[PDB]
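Everything below concerns the one structure shown next.
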Amino acid sequence: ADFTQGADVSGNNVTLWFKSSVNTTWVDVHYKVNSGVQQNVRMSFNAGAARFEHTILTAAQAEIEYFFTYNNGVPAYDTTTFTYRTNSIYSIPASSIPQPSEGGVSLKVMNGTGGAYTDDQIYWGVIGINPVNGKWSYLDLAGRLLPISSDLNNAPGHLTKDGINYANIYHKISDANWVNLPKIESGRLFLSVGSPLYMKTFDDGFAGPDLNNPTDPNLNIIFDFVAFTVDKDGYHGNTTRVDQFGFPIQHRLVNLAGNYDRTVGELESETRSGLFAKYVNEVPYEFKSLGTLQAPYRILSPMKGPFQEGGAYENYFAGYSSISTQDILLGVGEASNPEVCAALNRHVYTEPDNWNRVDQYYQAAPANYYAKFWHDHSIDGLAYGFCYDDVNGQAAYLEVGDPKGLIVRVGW
Ligand SMILES: OC[C@H]1O[C@@H](O[C@@H]2[C@@H](O)[C@H](O[C@@H]3[C@@H](O)[C@H](O[C@@H]4[C@@H](O)[C@H](O[C@@H]5[C@@H](O)[C@H](O)O[C@H](CO)[C@H]5O)O[C@H](CO)[C@H]4O)O[C@H](CO)[C@H]3O)O[C@H](CO)[C@H]2O)[C@H](O)[C@@H](O)[C@@H]1O
Ligand SMILES: OC[C@H]1O[C@@H](O[C@@H]2[C@@H](O)[C@H](O[C@@H]3[C@@H](O)[C@H](O[C@@H]4[C@@H](O)[C@H](O)O[C@H](CO)[C@H]4O)O[C@H](CO)[C@H]3O)O[C@H](CO)[C@H]2O)[C@H](O)[C@@H](O)[C@@H]1O
């Protein structure tokens, strides 16, 4: 008659839930709040979560004693009495992932902020190219890629900030448990806390946040994103700190055959405030302001800071190679070759025998210590700290040919 049960807390409310693994079509919950009149409620079935739920208002502060009556076939059964009063990305059972449709992947955006934000305060949006017709599109909750356009910015329901209209392509975590992510080219899953992002869409693309612009509408918004392509060869995706860090993210990919289940991202035990505080202590002086200039919204990548052309540290790599600091940090020009770029960022360039020896990376200056930071505080030391961190398999990148589920957790 097995079941799992629990009490989800959100704001001042407590949602009792009952998930049956048997032949159950109805569930009554019987509860007492600080020993009051016994409430007996026929619970509602939440299809997305595949569980019965009943929300008790303004009771998060209270003591709740509850048990359930449920059927298993014809007869009814009672559970024992439970009492109120993990959230880990690993706690989502693979068995609970719904089968994706049309060669897609089931996507869950999960709230891991430990009470910092509620589900209805975390926003997400998927934008990318639909390979069906090559049209730039956004994902709806039905799993459909809808074409974006300039008109979308002004369509009914559009967003507005300081008198300017922006496409409303975003959803709240509270809007869905799972969404089908169909095949998509250069997709991005934008994530933001407190508000959506404000990004102009066009008939042939969109303009994202410009962290070099003092008046960018997203400068004072805490956001991040995951990148993915879903094609005939399956799911391929990553988190990235190549441009900025907004908040901890974990990215778990699970396959159909049941032999692939991998997760990359910041360690779940790292806190956002922890990371800002450690960043300014751990990195050498030249990299410190990357963590302060646009605090508390983000930590900046070096080329968005004083390592840029004309900046105070525009010659940070000067003695080490003849190749410019800017070429190195962005993997362009004389550092367009991935292995060269990688070795320079890691300070192993002058020792070819060490290019693929992880324990020798970042052992002397000058080096990309911003990139090093993300490796030090990420699962399995994997991170996209700079553009070519995938050299020697060091990036927070995952792929599988038969994807079932992708879980993306917003940490804090
Ligand atoms: O790095 C310095 C420059 O950074 C730029 O901004 C970055 C921006 O370009 C990047 O956008 C991501 C897209 O590049 C990415 O699109 C994917 C392709 O990268 C990729 O091709 C592979 C290729 O990697 C390999 O070499 O050969 C394969 C042969 O087929 C090929 O498949 O193909 C993918 C499959 O189509 C394609 O999706 O998509 C991502 C989203 O999914 C984008 O995030 O993102 C960076 C981080 O945000 C940006 O820094 C600047 O524009 C430049 O000025 C800088 O010099
Ligand atoms: O300046 C150096 C270069 O930096 C480039 O930006 C990279 C960006 O390219 C990288 O995007 C990844 C892709 O690497 C990844 O590609 C997959 C292939 O690796 C695989 O073999 O094929 C599959 C298709 O089946 C591809 O998906 O795909 C993911 C998901 O879309 C992308 O996120 O990510 C880096 C970290 O953000 C980023 O720095 C830039 O694009 C180059 O133009 C530039 O020369």
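Simple scheme: letters A, B, ... for chains in structure tokens order, numbers from 1 for residues in each chain, numbers from 1 for ligands in the order shown.
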
Please identify every polymer residue within 10 Å of ligand 1, using only C-alpha atoms and all ligand atoms, and present the set as a PyMOL selection string. chain A and resi 127-129+131+184-189+208+224-231+236-244+301+303+326-333+336+338+384+386-388+390

Include N, CA and C atoms and write out the residues we just selected as a compact mmCIF listing (two decimals), in the first residue's frame.
```
# COMPACT_ATOMS: atom_id res chain seq x y z
N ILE A 127 14.80 30.05 -24.82
CA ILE A 127 14.81 30.66 -26.14
C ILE A 127 15.90 29.97 -26.97
N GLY A 128 15.60 29.69 -28.23
CA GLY A 128 16.56 29.06 -29.12
C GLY A 128 15.99 28.92 -30.52
N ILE A 129 16.71 28.24 -31.40
CA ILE A 129 16.24 28.04 -32.77
C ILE A 129 15.50 26.72 -32.88
N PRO A 131 14.67 23.76 -34.98
CA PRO A 131 15.32 23.18 -36.16
C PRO A 131 14.31 22.77 -37.22
N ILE A 184 16.00 21.49 -30.22
CA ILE A 184 16.24 22.93 -30.24
C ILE A 184 17.74 23.17 -30.50
N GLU A 185 18.07 24.20 -31.28
CA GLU A 185 19.46 24.53 -31.59
C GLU A 185 19.91 25.80 -30.85
N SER A 186 21.12 25.77 -30.31
CA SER A 186 21.63 26.82 -29.41
C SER A 186 20.57 27.39 -28.48
N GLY A 187 19.90 26.51 -27.74
CA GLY A 187 18.92 26.94 -26.77
C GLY A 187 19.59 27.50 -25.54
N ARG A 188 18.89 28.41 -24.87
CA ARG A 188 19.34 28.89 -23.57
C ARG A 188 18.18 28.82 -22.61
N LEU A 189 18.46 28.36 -21.40
CA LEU A 189 17.45 28.39 -20.35
C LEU A 189 17.86 29.52 -19.42
N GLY A 208 20.40 39.94 -25.53
CA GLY A 208 20.50 39.55 -24.14
C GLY A 208 21.05 40.65 -23.26
N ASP A 224 21.02 34.05 -14.48
CA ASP A 224 22.06 33.16 -14.98
C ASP A 224 21.38 32.37 -16.08
N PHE A 225 22.07 31.37 -16.64
CA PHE A 225 21.44 30.53 -17.66
C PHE A 225 22.21 29.24 -17.91
N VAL A 226 21.52 28.28 -18.49
CA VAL A 226 22.09 27.01 -18.91
C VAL A 226 21.97 26.96 -20.43
N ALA A 227 22.93 26.35 -21.10
CA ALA A 227 22.89 26.28 -22.55
C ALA A 227 22.66 24.83 -22.95
N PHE A 228 21.88 24.61 -24.00
CA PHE A 228 21.71 23.26 -24.49
C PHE A 228 21.37 23.23 -25.97
N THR A 229 21.74 22.12 -26.59
CA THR A 229 21.24 21.78 -27.91
C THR A 229 20.63 20.39 -27.75
N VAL A 230 19.43 20.20 -28.29
CA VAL A 230 18.80 18.89 -28.30
C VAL A 230 18.57 18.53 -29.77
N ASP A 231 19.26 17.50 -30.25
CA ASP A 231 19.17 17.13 -31.67
C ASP A 231 19.09 15.62 -31.82
N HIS A 236 22.84 17.83 -25.29
CA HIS A 236 24.19 18.33 -25.06
C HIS A 236 24.03 19.68 -24.38
N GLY A 237 24.60 19.84 -23.19
CA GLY A 237 24.37 21.07 -22.44
C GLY A 237 25.35 21.34 -21.32
N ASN A 238 25.31 22.56 -20.79
CA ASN A 238 26.29 22.99 -19.80
C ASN A 238 25.78 24.17 -18.98
N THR A 239 26.35 24.35 -17.79
CA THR A 239 26.25 25.64 -17.11
C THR A 239 27.47 26.41 -17.59
N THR A 240 27.54 27.71 -17.32
CA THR A 240 28.69 28.48 -17.81
C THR A 240 28.99 29.71 -16.97
N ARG A 241 30.27 29.94 -16.69
CA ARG A 241 30.68 31.14 -15.96
C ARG A 241 31.59 31.94 -16.87
N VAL A 242 31.54 31.61 -18.15
CA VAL A 242 32.36 32.27 -19.17
C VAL A 242 32.08 33.79 -19.21
N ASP A 243 30.85 34.19 -18.94
CA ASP A 243 30.51 35.62 -18.94
C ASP A 243 30.33 36.21 -17.54
N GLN A 244 29.62 35.49 -16.68
CA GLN A 244 29.33 35.94 -15.31
C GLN A 244 28.83 34.77 -14.45
N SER A 301 33.07 37.95 -15.31
CA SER A 301 34.24 37.35 -15.95
C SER A 301 35.31 38.42 -16.18
N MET A 303 37.11 39.67 -18.73
CA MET A 303 37.01 40.60 -19.85
C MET A 303 35.82 41.57 -19.73
N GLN A 326 44.06 39.73 -23.85
CA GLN A 326 42.71 39.69 -24.41
C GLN A 326 42.50 38.48 -25.32
N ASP A 327 43.50 38.16 -26.14
CA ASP A 327 43.45 36.96 -26.97
C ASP A 327 43.27 35.73 -26.09
N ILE A 328 44.07 35.65 -25.03
CA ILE A 328 44.05 34.52 -24.10
C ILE A 328 42.69 34.34 -23.43
N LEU A 329 42.15 35.42 -22.86
CA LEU A 329 40.94 35.31 -22.04
C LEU A 329 39.70 34.98 -22.87
N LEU A 330 39.71 35.33 -24.16
CA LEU A 330 38.54 35.09 -25.01
C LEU A 330 38.75 34.00 -26.07
N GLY A 331 39.94 33.41 -26.10
CA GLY A 331 40.23 32.37 -27.08
C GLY A 331 40.06 32.87 -28.51
N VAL A 332 40.66 34.02 -28.82
CA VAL A 332 40.59 34.58 -30.16
C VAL A 332 42.00 34.93 -30.63
N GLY A 333 42.12 35.38 -31.88
CA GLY A 333 43.41 35.76 -32.43
C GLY A 333 44.50 34.69 -32.32
N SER A 336 43.33 31.44 -30.72
CA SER A 336 42.12 30.82 -31.29
C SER A 336 42.16 29.31 -31.22
N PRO A 338 42.12 26.00 -29.44
CA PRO A 338 41.56 25.66 -28.12
C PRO A 338 42.63 25.21 -27.14
N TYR A 384 32.75 25.54 -16.61
CA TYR A 384 33.09 26.35 -17.75
C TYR A 384 33.58 27.70 -17.23
N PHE A 386 36.29 29.39 -18.50
CA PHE A 386 36.64 30.22 -19.65
C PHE A 386 36.19 29.46 -20.89
N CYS A 387 36.24 30.11 -22.05
CA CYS A 387 35.58 29.60 -23.25
C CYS A 387 36.03 28.22 -23.69
N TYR A 388 37.31 27.90 -23.46
CA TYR A 388 37.84 26.61 -23.88
C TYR A 388 38.19 25.68 -22.72
N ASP A 390 36.64 23.21 -21.93
CA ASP A 390 36.30 21.83 -22.26
C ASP A 390 37.51 21.05 -22.76
```

Extract, using only C-alpha atoms, all DNA, RNA and protein residues at most 6 Å from residue 400 (chain A), discarding same-chain residues fewer than 3 positions from it, and format them as a PyMOL selection string. chain A and resi 234-235+403

Restricting it to C-alpha atoms, dump the selection as an mmCIF file, in the first residue's frame.
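Done, and the output landed in out_16.cif:
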```
data_model
loop_
_atom_site.group_PDB
_atom_site.id
_atom_site.type_symbol
_atom_site.label_atom_id
_atom_site.label_comp_id
_atom_site.auth_asym_id
_atom_site.auth_seq_id
_atom_site.Cartn_x
_atom_site.Cartn_y
_atom_site.Cartn_z
ATOM 1 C CA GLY A 234 20.537 13.559 -27.967
ATOM 2 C CA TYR A 235 21.055 16.193 -25.271
ATOM 3 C CA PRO A 403 18.066 11.746 -22.768
#
```

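In terms of minimum interatomic distance to residue 55 (chain A), A:12 ranks closest within A:325, A:91, A:12, A:212, counting only C-alpha atoms.
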
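Residue nearest ligand 2, chosen from A:207, A:342, A:191, A:142 and counting only C-alpha atoms and all ligand atoms: A:342.
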
Within 10 Å of residue 38 (chain A), counting only C-alpha atoms, which residues show up once you throw out same-chain ones fewer than 5 positions away? Write them as an MDAnalysis selection string, please. chainID A and resid 30:33 65:66

Give the strand (DSSP E) residues of region 2-215 of chain A, as assigned by DSSP on the backbone, as a ChimeraX atom specification. /A:3-10,13-20,27-33,39-42,44-46,51-56,64-71,76-78,82-84,105-112,122-130,135-139,145-147,159-161,164-166,171-172,179-181,184-193,200-202,205-207

Next, the residues of the selection above should be written as a short mmCIF file (atom, residue, chain, number, x, y, z; two decimals), in the first residue's frame with C-alpha atoms.
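See again.cif below for the written result:
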```
data_model
loop_
_atom_site.label_atom_id
_atom_site.label_comp_id
_atom_site.auth_asym_id
_atom_site.auth_seq_id
_atom_site.Cartn_x
_atom_site.Cartn_y
_atom_site.Cartn_z
CA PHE A 3 3.18 5.70 -0.60
CA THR A 4 5.49 8.57 0.14
CA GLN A 5 4.15 11.65 1.93
CA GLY A 6 5.32 15.02 3.17
CA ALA A 7 4.61 18.63 4.09
CA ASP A 8 5.87 21.25 1.64
CA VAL A 9 6.35 24.72 3.11
CA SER A 10 5.97 27.85 0.98
CA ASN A 13 1.51 27.92 3.96
CA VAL A 14 1.93 24.14 4.29
CA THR A 15 0.98 21.74 1.48
CA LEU A 16 0.37 18.18 2.66
CA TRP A 17 0.96 15.63 -0.09
CA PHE A 18 0.50 11.89 -0.64
CA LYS A 19 2.03 9.99 -3.56
CA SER A 20 0.74 6.45 -3.99
CA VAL A 27 -7.16 10.22 -0.72
CA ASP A 28 -8.64 11.92 2.35
CA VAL A 29 -6.32 13.79 4.70
CA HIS A 30 -7.22 14.10 8.40
CA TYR A 31 -5.32 16.77 10.27
CA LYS A 32 -5.21 18.82 13.42
CA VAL A 33 -3.56 22.22 13.62
CA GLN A 39 -10.26 18.75 9.41
CA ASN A 40 -11.11 16.03 6.94
CA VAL A 41 -10.37 16.93 3.34
CA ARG A 42 -10.68 15.05 0.06
CA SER A 44 -6.94 17.18 -5.04
CA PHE A 45 -4.79 15.27 -7.54
CA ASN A 46 -1.88 17.31 -8.93
CA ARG A 51 0.49 13.26 -6.16
CA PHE A 52 -2.50 14.33 -4.09
CA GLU A 53 -2.09 17.73 -2.44
CA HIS A 54 -3.91 19.88 0.08
CA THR A 55 -2.64 23.32 0.99
CA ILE A 56 -3.22 24.53 4.53
CA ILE A 64 0.23 19.81 12.36
CA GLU A 65 -0.77 16.23 13.11
CA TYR A 66 -2.10 14.33 10.08
CA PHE A 67 -2.87 10.94 8.60
CA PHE A 68 -4.36 9.81 5.29
CA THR A 69 -7.12 7.46 4.24
CA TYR A 70 -6.62 6.16 0.69
CA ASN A 71 -7.87 3.32 -1.47
CA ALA A 76 -9.50 1.75 2.03
CA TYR A 77 -6.44 1.98 4.26
CA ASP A 78 -5.23 4.47 6.85
CA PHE A 82 2.56 12.06 10.92
CA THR A 83 3.85 15.32 12.37
CA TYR A 84 4.74 18.80 11.06
CA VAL A 105 13.84 15.79 -22.80
CA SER A 106 11.66 16.35 -19.75
CA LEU A 107 12.81 19.61 -18.14
CA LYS A 108 12.39 20.48 -14.48
CA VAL A 109 13.47 23.84 -13.09
CA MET A 110 13.82 23.22 -9.36
CA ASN A 111 13.87 25.65 -6.42
CA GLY A 112 16.97 25.02 -4.31
CA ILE A 122 11.88 32.31 -9.60
CA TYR A 123 11.45 32.87 -13.32
CA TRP A 124 12.70 30.88 -16.31
CA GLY A 125 12.52 31.10 -20.08
CA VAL A 126 13.80 28.95 -22.90
CA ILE A 127 14.81 30.66 -26.14
CA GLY A 128 16.56 29.06 -29.12
CA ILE A 129 16.24 28.04 -32.77
CA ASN A 130 13.55 25.56 -33.73
CA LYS A 135 12.94 30.12 -36.60
CA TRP A 136 14.03 31.73 -33.30
CA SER A 137 11.46 30.65 -30.74
CA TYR A 138 10.52 30.50 -27.06
CA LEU A 139 9.17 27.50 -25.14
CA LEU A 145 8.38 26.32 -29.50
CA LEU A 146 6.55 29.53 -30.42
CA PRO A 147 8.17 31.94 -32.92
CA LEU A 159 6.59 43.02 -19.81
CA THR A 160 7.41 46.66 -19.13
CA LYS A 161 10.32 48.37 -17.39
CA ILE A 164 9.89 50.10 -22.42
CA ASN A 165 8.18 46.91 -23.60
CA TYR A 166 9.87 43.51 -23.59
CA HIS A 171 7.46 31.22 -16.54
CA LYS A 172 7.59 30.81 -12.74
CA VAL A 179 7.93 20.74 -19.36
CA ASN A 180 8.82 18.88 -22.54
CA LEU A 181 11.94 20.37 -24.14
CA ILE A 184 16.24 22.93 -30.24
CA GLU A 185 19.46 24.53 -31.59
CA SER A 186 21.63 26.82 -29.41
CA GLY A 187 18.92 26.94 -26.77
CA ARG A 188 19.34 28.89 -23.57
CA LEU A 189 17.45 28.39 -20.35
CA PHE A 190 17.50 31.82 -18.72
CA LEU A 191 16.91 31.77 -14.95
CA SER A 192 16.32 34.79 -12.75
CA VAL A 193 15.20 35.46 -9.17
CA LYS A 200 14.10 42.61 -26.66
CA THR A 201 13.15 39.99 -29.22
CA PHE A 202 13.39 40.44 -32.99
CA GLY A 205 16.86 36.79 -32.75
CA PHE A 206 17.01 38.53 -29.38
CA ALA A 207 19.32 40.90 -27.49
#
```

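Candidate residues A:312, A:410, A:371, A:152 were compared for distance to ligand 2, and the nearest is A:371, using only C-alpha atoms and all ligand atoms.
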
Tell me which protein, DNA and RNA residues are within 6 Å of residue 367 (chain A), counting only C-alpha atoms, leaving out same-chain ones fewer than 2 positions away, and put them as a PyMOL selection string. chain A and resi 345-347+362+365+369

Output C-alpha atoms for every residue in the selection just made, as a PDB file, in the first residue's frame.
```pdb
ATOM      1  CA  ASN A 345      44.643  30.289 -19.066  1.00  0.00           C
ATOM      2  CA  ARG A 346      45.892  27.371 -16.948  1.00  0.00           C
ATOM      3  CA  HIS A 347      49.535  28.527 -16.930  1.00  0.00           C
ATOM      4  CA  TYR A 362      46.804  27.301 -12.171  1.00  0.00           C
ATOM      5  CA  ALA A 365      50.760  33.492 -12.021  1.00  0.00           C
ATOM      6  CA  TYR A 369      42.171  32.606 -11.308  1.00  0.00           C
TER       7      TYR A 369
END
```

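The closest residue to residue 380 (chain A), picked from A:263, A:209, A:22, A:352 and counting only C-alpha atoms, is A:263.
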